[PDB]
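Scroll down for the structure; my scribbles are underneath it.
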Amino acid sequence: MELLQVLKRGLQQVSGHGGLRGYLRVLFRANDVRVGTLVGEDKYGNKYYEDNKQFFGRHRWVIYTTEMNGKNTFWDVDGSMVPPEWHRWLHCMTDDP
Amino acid sequence: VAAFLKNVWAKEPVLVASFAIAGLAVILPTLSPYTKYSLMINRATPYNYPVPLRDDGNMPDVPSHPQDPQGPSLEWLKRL
Amino acid sequence: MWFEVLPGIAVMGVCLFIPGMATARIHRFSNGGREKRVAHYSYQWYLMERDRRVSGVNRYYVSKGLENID
Amino acid sequence: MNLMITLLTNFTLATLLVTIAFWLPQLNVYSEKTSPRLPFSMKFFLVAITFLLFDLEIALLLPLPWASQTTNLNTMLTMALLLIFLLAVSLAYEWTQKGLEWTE
Amino acid sequence: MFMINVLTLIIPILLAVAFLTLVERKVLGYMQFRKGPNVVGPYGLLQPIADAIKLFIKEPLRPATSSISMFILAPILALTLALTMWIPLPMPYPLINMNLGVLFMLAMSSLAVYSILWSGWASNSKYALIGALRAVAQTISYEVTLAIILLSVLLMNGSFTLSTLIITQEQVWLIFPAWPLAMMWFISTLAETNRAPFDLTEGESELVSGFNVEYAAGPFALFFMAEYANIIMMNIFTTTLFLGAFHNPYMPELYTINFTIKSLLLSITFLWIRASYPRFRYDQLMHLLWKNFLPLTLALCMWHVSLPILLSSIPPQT
Amino acid sequence: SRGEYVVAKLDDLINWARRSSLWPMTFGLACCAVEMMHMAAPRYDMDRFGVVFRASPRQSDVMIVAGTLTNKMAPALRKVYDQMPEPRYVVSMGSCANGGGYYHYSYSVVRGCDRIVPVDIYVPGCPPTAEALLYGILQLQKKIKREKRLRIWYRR
Amino acid sequence: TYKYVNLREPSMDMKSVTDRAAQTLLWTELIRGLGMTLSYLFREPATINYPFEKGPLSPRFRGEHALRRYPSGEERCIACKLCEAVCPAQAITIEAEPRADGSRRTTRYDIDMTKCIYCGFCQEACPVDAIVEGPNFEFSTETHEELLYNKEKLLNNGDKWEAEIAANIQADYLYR
Amino acid sequence: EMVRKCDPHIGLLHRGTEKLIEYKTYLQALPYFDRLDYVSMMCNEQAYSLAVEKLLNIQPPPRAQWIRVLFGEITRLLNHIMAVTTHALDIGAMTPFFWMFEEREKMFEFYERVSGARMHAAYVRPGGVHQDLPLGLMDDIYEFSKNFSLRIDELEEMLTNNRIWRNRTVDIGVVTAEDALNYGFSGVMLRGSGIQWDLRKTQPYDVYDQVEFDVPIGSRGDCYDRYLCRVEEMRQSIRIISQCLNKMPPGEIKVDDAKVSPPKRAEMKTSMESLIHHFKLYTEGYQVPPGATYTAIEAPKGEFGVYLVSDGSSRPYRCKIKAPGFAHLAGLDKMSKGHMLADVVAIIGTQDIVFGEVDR
Ligand SMILES: CCCCCCCCCCCCCCCCCC(=O)OC[C@H](COP(=O)([O-])OCC[N+](C)(C)C)OC(=O)CCCCCCCCCCCCCCCCC
Ligand SMILES: CCCCCCCCCCCCCCCCCC(=O)OC[C@H](COP(=O)(O)OCCN)OC(=O)CCCCCCCCCCCCCCCCC
Ligand SMILES: CCCCCCCCCCCCCCCCCC(=O)OC[C@H](COP(=O)(O)OCCN)OC(=O)CCCCCCCCCCCCCCCCC
Ligand SMILES: CCCCCCCCCCCCCCCCCC(=O)OC[C@H](COP(=O)(O)OCCN)OC(=O)CCCCCCCCCCCCCCCCC
Ligand SMILES: CCCCCCCCCCCCCCCCCC(=O)OC[C@H](COP(=O)(O)OCCN)OC(=O)CCCCCCCCCCCCCCCCC
Ligand SMILES: CCCCCCCCCCC1=C(C)C(=O)C(OC)=C(OC)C1=O
Ligand code: SF4
Ligand code: SF4
Ligand code: SF4
């Protein structure tokens with residue numbers, strides 16, 4: 001049965017965020033719990049992920065930092081928190097981080 | 001009558017199914033062998049009380065007890 | 001994906017499960033661990049009122065069997 | 001009795017919801033806003049009258065699930081098919097004399 | 001103890017109506033190749049709460065009403081009828097076990113057009129009244145086939161008792177002897193609740209739903225939640241009426257789980273019909289009633305009168 | 001004290017409810033209608049934010065002015081704005097709704113819709129992309145999130 | 001070289017007539033449409049997770065404007081007014097004088113972003129790559145005059161976005 | 001129920017476009033044409049480009065003509081998606097709107113990859129196109145076109161055989177061929193009434209005499225045959241796009257007259273003549289010889305015309321914009337008589353109406 005593979009993928013998504021605390025952290029900040037390959041992290045704390053098995057548009061994403069330039073951005077994440085060196089990679093203007 | 005029937009079945013099949021179902025509902029209970037049993041089952045359903053008879057001396061068909069042989073029976077209903 | 005609609009459907013399903021389960025448990029609590037008596041016809045109500053009068057506690061659901069006769 | 005209690009409870013909850021939905025948005029004081037026969041159709045009245053007459057025919061049809069229990073089944077089946085046939089004949093006369101037109 | 005049972009009926013009705021808006025927006029999202037709400041709560045679960053709190057603190061719109069009394073009584077009547085349609089529903093036990101629950105629900109649903117009519121009177125616009133009269137004529141049109149299909153099905157039940165309709169379907173679903181009645185029933189209940197493809201008030205083919213029209217209307221949340229109570233109720237009634245489940249009298253929860261799953265599937269079928277078809281024109285659904293459904297309904301009514309007589313399958317009264 | 005805490009949490013509740021259930025009325029006047037329709041298309045999908053597509057204009061929260069406001073439709077714009085229940089917000093989408101745009105020197109164009117209605121968010125572009133309009137909608141939500149209606153009510 | 005949409009006469013034999021009557025009475029095309037909607041129910045939706053995911057863009061994208069510099073800090077604009085000569089909205093306003101070392105530079109360089117039609121004629125008219133149109137599209141304001149950019153705002157956008165602007169020009173200058 | 005008189009009042013998006021054109025150069029007046037039929041951007045660009053090139057007595061290079069025909073059919077897919085999906089969404093079918101706008105989103109990505117704007121590209125210019133295709137664009141156009149037939153198929157599954165969609169469009173908006181010719185109708189408004197007419201066949205422009213496509217012809221003049229004509233035009237646009245992707249030639253993309261088209265930025269910064277010509281094209285612009293032309297193309301809404309008058313200078317004197325939606329919305333009053341108020345929104349759907357080109 002292939003439903004068991006789906007449930008094991010869900011549980012390893014729970015495990016890949018460091019347990020239930022990180023799972024609920026990304027569930028309530030990002031509304032998206034899937035795990036990816038950490039491409040890098042900028043000087044603010046924005047973390048950038050890949051999953052090339054996702055479709056084009058989902059395959060690169062950012063988890064925003066909780067504090068950028070003094071503002072608490074735990075819930076107040078912003079599209080313009082991405083620095084310009086990662087803005088080419090996140091908007092897919094290049095294949096190169 | 002075969003051209004008209006196929007034409008009305010091509011143009012207005014809802015009305016053809018309507019008149020066919022209605023015509024079956026009309027002519028079918030007079031042709032069915034179980035229409036007798038509907039009457040037989042409705043007259044055998046005991047709503048009232050079976051008010052007994054004073055035994056005058058000559059009633060050979062009327063039983064004296066419910067489990068007696070004579071009287072109306074519903075073995076046809078148990079079996080069908 | 002499509003299994004994201006299942007939490008809302010599950011919450012709505014629990015909300016539809018509560019009324020029927022609730023009325024079944026309340027009918028068994030209010031009637032001596034049994035089903036509520038259904039009296040659609042006046043004979044059923046007559047037998048039910050006779051049960052209420054023979055139970056001695058003004059409750060139709062207190063059943064009196066052969067221990068009540070000599 | 002329990003029916004009357006339930007009707008009173010449903011009416012009370014409905015009136016409570018209506019009273020809340022009219023008086024709760026009056027809590028926030030808003031900026032007081034200071035800026036700034038119908039045509040008859042015969043078909044609208046005719047569909048309502050056609051409803052009323054077929055609804056009376058339905059009122060005749062409603063005791064049928066009790067009427068099948070009778071011992072006079074041939075008369076009962078005749079009059080049942082006759083009421084449904086007269087409803088169908090009312091519908092056919094409503095059809096063919098242009099009564100079901102532009103609200104077909 | 002009885003008031004506990006009344007409240008555990010009517011408060012989960014309102015909670016199910018709340019989350020039906022979420023289920024609608026999600027299932028219509030995924031059928032439209034997008035998502036529904038997933039930001040406001042985890043998987044969108046706070047969207048009904050946020051939306052209800054938003055609607056309850058929003059200003060009464062602009063205008064004034066022609067009749068204050070009917071402007072008040074139309075949502076009261078709509079919510080009261082939408083809550084009283086649930087009390088004879090045998091799931092497996094009705095709250096108010098009555099001998100005539102079917103006829104009760106048919107009569108209380110016939111009373112539901114006065115909310116539409118009084119909200120048309122209470123608006124000041126003479127065009128909103130015309131839209132209300134079109135809606136009233138639609139609903140009273142499909143009540144005819146509701147009544148006759150319901151009668152034709154109850155000829156196999158024996159009575160107007162809704163709880164007997166569980167006993168009637170112990171050997172087979174009643175959709176097997178009466179599937180044309182079942183599909184015309186389902187489409188007629190769809191056309192009852194002003195539900196797409198029959199929603200002419202909430203859509204086009206409408207003289208007044210036309211962007212920057214007048215007509216002071218009531219608080220939208222009350223009519224909306226009355227309408228979704230009616231949608232869930234008519235799907236539960238279709239589930240009881242045609243797809244009646246197994247009932248163990250020692251385990252009522254089996255019947256409650258089974259009718260709940262079927263009623264959820266049937267309400268999702270309403271959601272899946274509204275996201276699949278364009279709308280009827282008004283005379284097209286008048287056509288669909290008066291020239292299409294009503295002839296088949298009268299023919300199948302003759303059939304279901306004469307059929308237990310010819311098959312010797314007349315159901316018992318009790 | 002205690003009352004400041006209570007009115008602060010009630011501001012948080014009502015601001016959460018109002019920003020997370022925005023219902024937009026769209027003046028789709030011109031080309032920016034196409035890009036709002038892409039902001040409701042399945043890629044960006046306004047409806048997952050609580051922002052329903054084709055909301056009723058009678059019960060809408062934000063009026064998205066998406067297109068060129070001409071002189072001939074300025075009173076209809078103001079009439080639809082006056083028929084909106086408070087709290088009402090206005091997102092001005094695109095260059096012609098912001099400041100006249102490419103038709104700034106025209107005889108027949110209102111030089112920005114802010115001559116007609118108060119504007120909360122100005123979304124720049126010709127057209128701004130559907131992602132840029134969704135950015136402006138989220139900035140409107142952040143603007144609602146820092147409202148202080150009951151705190152200012154308590155301090156008056 | 002032409003085809004007739006909807007010029008089909010249907011077959012009138014009993015097979016096809018019964019086919020069309022079964023389609024009418026049993027709602028076969030309606031179940032087909034329900035099946036297609038059900039088919040999209042079980043697809044992965046096309047929804048990206050904005051703002052945590054971004055829509056795809058090319059290096060040609062025309063967003064927020066910026067005034068650039070040479071790799072010395074010297075600003076590239078030599079006040080030639082080709083960009084306001086070509087600006088179809090007349091969004092650009094330029095004044096100029098020789099600055100304190102005798103160099104031809106601007107004193108005013110205004111771009112009204114609410115007149116601007118974002119067509120990139122200024123960046124293709126500019127002979128020194130000074131005015132470009134960057135990748136920033138996430139710059140919605142709350143007041144109208146915050147979109148009336150002077151020279152200091154455009155030079156700050158250039159200093160802010162040069163690390164990205166220079167790479168996009170590096171990717172696209174051979175097509176220009 | 002009946003509609004006796006239908007009087008559309010327009011000018012609610014009248015911006016005085018073709019007076020603003022008179023005070024701008026030809027390159028400056030080009031982006032006004034993206035904003036006319038704003039679901040048909042590069043087609044109106046192509047019409048204005050052909051008008052200015054017909055006045056300038058110059059011609060685009062072959063690769064520019066194949067890029068124009070490729071992106072004109074991509075534009076036609078955009079506009080017929082918009083037409084069919086809003087025509088269904090107003091009647092009530094809301095789901096294929098959301099289905100086809102993801103494909104429409106991908107074609108806006110094609111526009112952004114080729115120009116930098118998702119809608120108003122200003123790409124097709126007098127002299128050719130502005131800029132060459134970036135590498136790997138044609139492969140992604142292939143990957144789009146390879147799958148788009150299934151998208152049209154499932155749209156057509158949702159609407160075409162549907163009885164509710166047919167009952168809203170089959171006896172609605174019947175236009176006779178003689179009234180369609182007399183009322184100035186064009187495009188699908190003619191071809192749904194059985195008129196065998198298409199400007200890509202009869203008066204062929206850039207390389208439409210080299211691609212190979214069929215022209216769908218209706219039979220009853222109704223909303224339903226015009227729906228089928230638009231769906232089959234999407235099919236045939238996919239066919240033309242396959243032929244354009246296979247027959248793309250090498251070469252330059254502007255006319256190599258640098259007194260009309262600008263030189264490259266590499267040679268503008270090296271050659272003196274190239275810098276002078278860049279200067280005078282981006283400030284004065286190219287002068288057009290005096291004359292008046294009526295250049296018309298087959299836009300996805302119908303015949304889109306430009307009556308452009310030049311006075312010898314570098315600005316247009318008069319530029320009348322003939323648009324299909326103007327004549328179609330003039331014919332709305334005839335097309336709705338004896339119908340109902342619900343049929344009027346289907347008639348405004350079958351006349352593909354966008355009020356930018358109705359109003360200018
Ligand atoms: C309870 C659970 C759900 C039940 C099933 C329902 C789920 C499926 C829902 C699908 C989506 C439907 C959305 C709304 C659709 C509304 C439009 C529509 O369907 O219109 C109905 C259409 C209307 O017709 P029409 O408009 O398509 O066709 C043209 C009509 N004229 C010619 C008048 C212009 O068809 C019907 O009215 C059929 C109603 C039910 C038919 C029942 C058939 C019984 C057959 C018996 C045997 C017949 C053989 C011959 C006799 C033999 C005798 C032995
Ligand atoms: C005998 C048993 C009892 C019979 C009575 C009970 C009937 C129950 C069904 C109720 C029907 C109510 C409405 C009836 C109206 C009849 C008139 C009618 O509809 O005529 C018009 C119709 C053409 O339709 P039109 O007017 O064009 O509709 C607009 C869309 N085109 O014209 C037609 O389509 C032609 C209609 C007449 C021919 C129909 C033939 C059907 C045959 C079915 C098989 C035989 C069944 C037995 C009955 C005898 C039938 C001859
Ligand atoms: C029959 C079944 C019916 C079911 C109905 C309900 C369905 C949905 C169930 C809930 C699903 C999960 C909800 C989670 C909501 C968000 C909770 C949360 O943590 O929100 C964060 C917010 C701010 O927290 P902050 O302190 O800023 O955190 C910064 C961290 N450094 O913190 C806050 O805002 C404060 C905490 C708010 C918590 C709200 C929880 C949900 C309340 C819903 C009302 C109904 C509750 C259930 C009633 C019926 C059952 C008993
Ligand atoms: C604008 C005004 C306000 C509008 C909102 C509120 C009013 C509208 C909604 C409420 C409608 C109330 C309907 C109540 C009666 C329904 C019929 C009924 O009683 O059926 C149930 C049952 C019949 O079943 P059966 O089993 O045969 O009888 C019991 C014997 N074993 O019979 C019983 O169980 C009988 C129980 C005793 C009799 C109950 C009588 C109820 C009180 C009088 C009527 C109240 C409503 C008046 C106003 C109606 C609307 C204007
Ligand atoms: C004396 C003490 C009490 C004083 C009075 C207060 C009474 C309790 C009122 C509810 C709690 C107050 C605080 C409300 C939320 C405040 C915090 C907040 O807004 O956190 C934001 C967080 C989501 O973050 P966000 O900004 O949306 O980011 C976008 C996604 N990255 O948001 C979240 O995570 C979700 C926030 C959910 C809000 C709470 C749950 C809804 C309210 C339930 C109770 C009221 C309604 C009851 C039912 C009504 C009918 C359905
Ligand atoms: C008591 C709970 C109240 C919940 C209110 C939710 C209202 C529905 C939100 C979305 C919506 C839907 C689905 C909807 O169908 C509709 O009608 C077209 C709306 O009005 C414009 C809507 O806003
Ligand atoms: S700002 Fe520009 S692209 Fe947007 S609607 Fe106006 S003219 Fe069209
Ligand atoms: S992009 Fe166009 S409108 Fe904007 S400043 Fe440059 S030339 Fe002017
Ligand atoms: S075209 Fe370039 S160098 Fe010339 S004035 Fe404009 S920005 Fe400056």
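Ordered as shown in the structure tokens, chains take letters A, B, and onward, while each chain numbers its residues from 1 and ligands are numbered from 1 in the order shown.
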
*asked:* Counting only C-alpha atoms and all ligand atoms, what are the residues, protein, DNA or RNA alike, that approach ligand 8 to within 7 Å? I want them as a list in words.
replied: residues 83, 84, 86, 87, 88, 89, 90, 91, 92, 111, 113, 115, 116, 117, 118, 119, 120, 121, 122, 123 and 133 of chain G

*asked:* Give me, as an MDAnalysis selection string, the set of residues whose atoms come within 10 Å of any atom of ligand 5, counting only C-alpha atoms and all ligand atoms.
replied: (chainID A and resid 26:31 64 73:78) or (chainID E and resid 14:15 18:19 38:42 45:54 56) or (chainID F and resid 2:17 19:20 49 138 141:142 145:146) or (chainID G and resid 51:52)

*residue 354 (chain H): which residues within 7 Å, counting only C-alpha atoms, same-chain residues fewer than 3 positions away excluded, as number ranges by chain?*
H: 37, 325, 357-358

Deliver the residues from the most recent selection as a file, using N, CA and C atoms, as a PDB file, in the first residue's frame.
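And here is the file that came out, out29.pdb:
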ATOM      1  N   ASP H  37      -6.891  47.309 -26.428  1.00  0.00           N
ATOM      2  CA  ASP H  37      -7.457  45.989 -26.215  1.00  0.00           C
ATOM      3  C   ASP H  37      -6.455  45.319 -25.294  1.00  0.00           C
ATOM      4  N   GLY H 325     -14.746  46.213 -30.985  1.00  0.00           N
ATOM      5  CA  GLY H 325     -15.742  46.306 -29.936  1.00  0.00           C
ATOM      6  C   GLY H 325     -16.664  47.494 -30.082  1.00  0.00           C
ATOM      7  N   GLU H 357     -10.784  49.498 -25.959  1.00  0.00           N
ATOM      8  CA  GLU H 357     -10.864  49.721 -27.391  1.00  0.00           C
ATOM      9  C   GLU H 357     -12.218  50.275 -27.814  1.00  0.00           C
ATOM     10  N   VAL H 358     -13.255  50.134 -26.991  1.00  0.00           N
ATOM     11  CA  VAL H 358     -14.523  50.767 -27.324  1.00  0.00           C
ATOM     12  C   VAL H 358     -14.419  52.271 -27.114  1.00  0.00           C
TER      13      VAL H 358
END

*asked:* What's the separation between CA of residue 35 (chain H) and CA of residue 65 (chain F), in Å to one decimal place?
replied: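 For CA of residue 35 (chain H) relative to CA of residue 65 (chain F), the distance reads 16.8 Å.
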
*Pull out every residue of chain H that has at least one atom within 10 Å of chain F, counting only C-alpha atoms, and report them as a ChimeraX atom specification.*
/H:10-17,19-20,31-32,34-39,82,97-102,104-105,108,117-120,354-356

Once you have the residues from the selection above, write them out as a compact mmCIF listing (two decimals), in the first residue's frame, restricted to N, CA, C and O atoms.
# COMPACT_ATOMS: atom_id res chain seq x y z
N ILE H 10 -21.44 54.63 -23.20
CA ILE H 10 -20.02 54.33 -23.11
C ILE H 10 -19.27 55.62 -22.88
O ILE H 10 -19.87 56.68 -22.67
N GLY H 11 -17.95 55.55 -22.89
CA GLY H 11 -17.14 56.70 -22.55
C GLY H 11 -16.75 56.74 -21.10
O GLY H 11 -16.16 57.73 -20.66
N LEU H 12 -17.07 55.69 -20.34
CA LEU H 12 -16.66 55.60 -18.95
C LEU H 12 -15.22 55.13 -18.82
O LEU H 12 -14.70 55.07 -17.70
N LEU H 13 -14.56 54.79 -19.93
CA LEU H 13 -13.12 54.62 -19.99
C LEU H 13 -12.57 55.40 -21.18
O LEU H 13 -11.62 55.00 -21.83
N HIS H 14 -13.20 56.52 -21.50
CA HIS H 14 -12.68 57.35 -22.57
C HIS H 14 -11.59 58.25 -22.06
O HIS H 14 -11.83 59.15 -21.26
N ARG H 15 -10.39 58.03 -22.55
CA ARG H 15 -9.25 58.71 -22.01
C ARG H 15 -8.62 59.70 -22.95
O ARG H 15 -7.66 60.37 -22.64
N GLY H 16 -9.18 59.80 -24.15
CA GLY H 16 -8.63 60.68 -25.16
C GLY H 16 -7.28 60.20 -25.62
O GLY H 16 -6.33 60.96 -25.67
N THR H 17 -7.22 58.90 -25.92
CA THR H 17 -5.97 58.25 -26.29
C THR H 17 -5.42 58.82 -27.59
O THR H 17 -4.24 59.15 -27.68
N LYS H 19 -5.98 61.65 -28.98
CA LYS H 19 -5.47 63.01 -28.90
C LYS H 19 -4.11 63.08 -28.22
O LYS H 19 -3.26 63.87 -28.63
N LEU H 20 -3.88 62.22 -27.23
CA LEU H 20 -2.58 62.12 -26.59
C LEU H 20 -1.52 61.57 -27.53
O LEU H 20 -0.34 61.87 -27.36
N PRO H 31 3.17 52.62 -26.90
CA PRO H 31 2.56 51.97 -25.72
C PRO H 31 1.11 52.36 -25.44
O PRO H 31 0.51 51.76 -24.53
N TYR H 32 0.51 53.32 -26.15
CA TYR H 32 -0.93 53.53 -26.06
C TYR H 32 -1.71 52.37 -26.64
O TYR H 32 -2.87 52.17 -26.27
N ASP H 34 -0.89 49.07 -26.48
CA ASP H 34 -1.00 47.97 -25.53
C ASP H 34 -2.22 48.11 -24.64
O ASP H 34 -2.75 47.11 -24.14
N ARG H 35 -2.67 49.33 -24.43
CA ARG H 35 -3.67 49.68 -23.44
C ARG H 35 -5.05 49.86 -24.05
O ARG H 35 -5.97 50.25 -23.35
N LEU H 36 -5.20 49.56 -25.34
CA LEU H 36 -6.51 49.65 -26.01
C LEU H 36 -7.33 48.39 -25.81
O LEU H 36 -8.32 48.38 -25.07
N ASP H 37 -6.89 47.31 -26.43
CA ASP H 37 -7.46 45.99 -26.22
C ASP H 37 -6.46 45.32 -25.29
O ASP H 37 -5.52 44.65 -25.74
N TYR H 38 -6.64 45.52 -24.00
CA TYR H 38 -5.64 45.13 -23.02
C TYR H 38 -5.64 43.66 -22.68
O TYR H 38 -5.05 43.28 -21.67
N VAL H 39 -6.30 42.83 -23.46
CA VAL H 39 -6.04 41.40 -23.47
C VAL H 39 -5.41 40.98 -24.78
O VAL H 39 -5.19 39.79 -25.01
N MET H 82 -9.60 34.68 -22.26
CA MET H 82 -10.34 35.75 -21.58
C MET H 82 -11.80 35.81 -22.03
O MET H 82 -12.71 35.87 -21.20
N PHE H 97 -12.74 29.35 -15.82
CA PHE H 97 -11.99 30.58 -15.59
C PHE H 97 -10.70 30.32 -14.83
O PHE H 97 -9.60 30.66 -15.30
N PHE H 98 -10.82 29.71 -13.66
CA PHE H 98 -9.66 29.38 -12.84
C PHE H 98 -8.81 28.32 -13.51
O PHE H 98 -7.60 28.27 -13.27
N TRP H 99 -9.39 27.48 -14.35
CA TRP H 99 -8.55 26.46 -14.99
C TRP H 99 -7.66 27.08 -16.06
O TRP H 99 -6.46 26.79 -16.12
N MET H 100 -8.22 27.93 -16.90
CA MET H 100 -7.49 28.46 -18.03
C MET H 100 -6.63 29.67 -17.67
O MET H 100 -5.71 29.99 -18.43
N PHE H 101 -6.87 30.32 -16.53
CA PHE H 101 -5.97 31.41 -16.21
C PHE H 101 -4.61 30.97 -15.69
O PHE H 101 -3.71 31.79 -15.64
N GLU H 102 -4.41 29.70 -15.35
CA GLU H 102 -3.05 29.25 -15.09
C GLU H 102 -2.25 29.14 -16.39
O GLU H 102 -1.06 29.50 -16.44
N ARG H 104 -2.96 31.01 -18.97
CA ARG H 104 -2.82 32.42 -19.29
C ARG H 104 -1.72 33.08 -18.47
O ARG H 104 -1.02 33.98 -18.96
N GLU H 105 -1.51 32.60 -17.25
CA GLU H 105 -0.41 33.03 -16.41
C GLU H 105 0.93 32.62 -17.00
O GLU H 105 1.90 33.39 -16.98
N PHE H 108 1.65 34.93 -19.86
CA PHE H 108 2.20 36.18 -19.36
C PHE H 108 3.65 36.03 -18.93
O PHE H 108 4.42 36.99 -19.01
N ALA H 117 7.74 43.02 -19.27
CA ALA H 117 6.40 43.24 -18.75
C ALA H 117 5.55 42.02 -19.01
O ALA H 117 5.69 41.34 -20.03
N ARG H 118 4.65 41.75 -18.07
CA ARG H 118 3.75 40.62 -18.21
C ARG H 118 2.60 40.93 -19.15
O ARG H 118 2.11 40.03 -19.83
N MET H 119 2.15 42.19 -19.22
CA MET H 119 1.11 42.56 -20.18
C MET H 119 1.58 43.54 -21.24
O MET H 119 1.58 43.20 -22.42
N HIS H 120 1.98 44.75 -20.86
CA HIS H 120 2.16 45.82 -21.84
C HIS H 120 3.62 45.85 -22.20
O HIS H 120 4.43 46.56 -21.61
N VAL H 354 -14.18 44.73 -24.86
CA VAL H 354 -13.28 45.33 -23.89
C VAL H 354 -13.35 46.83 -24.11
O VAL H 354 -13.13 47.30 -25.23
N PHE H 355 -13.68 47.58 -23.07
CA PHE H 355 -14.09 48.96 -23.25
C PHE H 355 -12.93 49.91 -23.43
O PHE H 355 -13.18 51.09 -23.72
N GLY H 356 -11.70 49.45 -23.27
CA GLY H 356 -10.57 50.26 -23.67
C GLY H 356 -10.57 50.53 -25.16
O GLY H 356 -10.42 51.67 -25.60

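Within 7 Å of chain H, counting only C-alpha atoms, chain E contributes residues 32, 33, 204, 205, 275, 276, 277, 278, 279, 280 and 281 of chain E.
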
*List the neighbours of region 43-47 of chain A out to 10 Å using only C-alpha atoms; skip same-chain residues closer than 6 positions along the sequence, and give me the result as a ChimeraX atom specification.*
/A:61-69,81-83,86

Residue subset to file, keeping N, CA and C atoms, as a compact mmCIF listing (two decimals), in the first residue's frame:
# COMPACT_ATOMS: atom_id res chain seq x y z
N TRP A 61 12.03 28.44 -1.87
CA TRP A 61 11.27 29.25 -0.93
C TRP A 61 12.17 29.80 0.16
N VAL A 62 11.63 30.78 0.87
CA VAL A 62 12.31 31.44 1.97
C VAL A 62 11.48 31.25 3.24
N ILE A 63 12.15 31.00 4.36
CA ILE A 63 11.56 31.18 5.68
C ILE A 63 12.13 32.46 6.25
N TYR A 64 11.26 33.43 6.53
CA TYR A 64 11.72 34.74 6.94
C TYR A 64 12.20 34.73 8.38
N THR A 65 13.17 35.59 8.65
CA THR A 65 13.69 35.74 10.00
C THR A 65 12.65 36.37 10.92
N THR A 66 12.90 36.25 12.21
CA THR A 66 11.97 36.76 13.20
C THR A 66 12.30 38.17 13.65
N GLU A 67 13.41 38.73 13.18
CA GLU A 67 13.82 40.07 13.56
C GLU A 67 14.75 40.59 12.48
N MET A 68 14.30 41.59 11.74
CA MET A 68 15.11 42.23 10.71
C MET A 68 15.09 43.72 10.94
N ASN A 69 16.27 44.28 11.21
CA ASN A 69 16.49 45.72 11.42
C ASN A 69 15.64 46.29 12.55
N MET A 81 11.50 41.77 2.63
CA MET A 81 12.56 41.43 3.57
C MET A 81 13.70 40.66 2.93
N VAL A 82 13.60 40.35 1.64
CA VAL A 82 14.60 39.55 0.95
C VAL A 82 15.68 40.49 0.42
N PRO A 83 16.95 40.28 0.76
CA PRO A 83 18.02 41.14 0.27
C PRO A 83 18.24 40.93 -1.22
N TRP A 86 19.79 37.56 -2.82
CA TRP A 86 18.91 36.40 -2.82
C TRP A 86 17.64 36.64 -3.60

*When you get a sec, could you note down which chain C residues fall within 10 Å of chain E, using only C-alpha atoms, as a ChimeraX atom specification?*
/C:1-27,29-30,34-41

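Using only C-alpha atoms, the residues found no farther than 12 Å from residue 25 (chain G), other than those of its own chain fewer than 6 positions away, are residues 9, 10, 12, 13, 14, 15, 16, 17 and 18 of chain B; 179, 180, 183, 184, 292, 293 and 296 of chain E; 18 and 19 of chain G; 163 of chain H.
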
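For the residues E:113, E:154, E:226, E:172, ranking by smallest atom-to-atom distance to ligand 6 using only C-alpha atoms and all ligand atoms places E:226 first.
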
*Can you tell me which residues sit at most 7 Å away from ligand 9, counting only C-alpha atoms and all ligand atoms, written as a PyMOL selection string?*
chain G and resi 67+76-84+122+125-131
